[PDB]
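The chain below stands alone, shown as structure tokens; this is the form deposited in one PDB entry.
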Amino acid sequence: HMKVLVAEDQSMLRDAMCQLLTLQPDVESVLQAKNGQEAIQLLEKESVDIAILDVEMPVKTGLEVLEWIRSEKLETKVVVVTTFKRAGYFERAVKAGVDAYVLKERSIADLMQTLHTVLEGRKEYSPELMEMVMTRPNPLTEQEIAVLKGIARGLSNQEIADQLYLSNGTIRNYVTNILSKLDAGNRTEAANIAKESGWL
């Protein structure tokens, strides 16, 4: 039956994921890698049905591995695990068609449960992440977003104004509105918040 890849740089996480996979009835073989470049190389070697990929791997991250798998059109389901709650990581993973996304708030047993969900053909985005992050969507208007992108690119207000055909005045306002909606102290915090959040 199933061939499963674990790519996980933390020795205890890796060994525990592998050891619980050996108890799953529909698993016939387990492959492991401690970084993303090693994971890609095993994917060049062997057919894999499902892979667990840790976003915090060195060399190449689990998001890069996911993207490579999808670029290659491999018939491999992908479960990504991460400690971080940044929506930007989640967004990046959704853009590459991740099958499941799990936080390290979860146990190894929970992770196995997600593995079966994905094997039965369904996606599974972390409930608790969705509760924490998705319930606070981008409040910015299309214009406010265009301004914020300007700021993140390092533009001044006059520069932003000229590009958009608007008064220097109007831009500082937009900025004021952005800082308020994002409860941010300055232009830089504002942009950081949107970049971390994947608001571009």
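Definition used throughout: the rigid core is the maximal C-alpha set that superposes within 1.5 Å between two forms. Residue positions are given as counts along the sequence shown, with the first one as 1. Only residues modelled in both forms are compared.
In what follows, reference is made to the form deposited in another entry, a form of this protein that is not presented.
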query: Identity of the moved residue from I160, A33, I40, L63, C-alpha shift 2 angstroms or more, core fit between the shown form and the other one; finding: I160
query: Direction of Cα pair change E91-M132 in that other deposited form, magnitude 3 angstroms or more; finding: closer
query: Distance trend in that other deposited form - C-alpha atoms of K181 and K95, change of 3 Å or more; finding: closer
query: After core alignment, residue runs (3 or more) whose Cα moves 2 Å or more between the shown form and the other one; finding: 23-26, 131-200
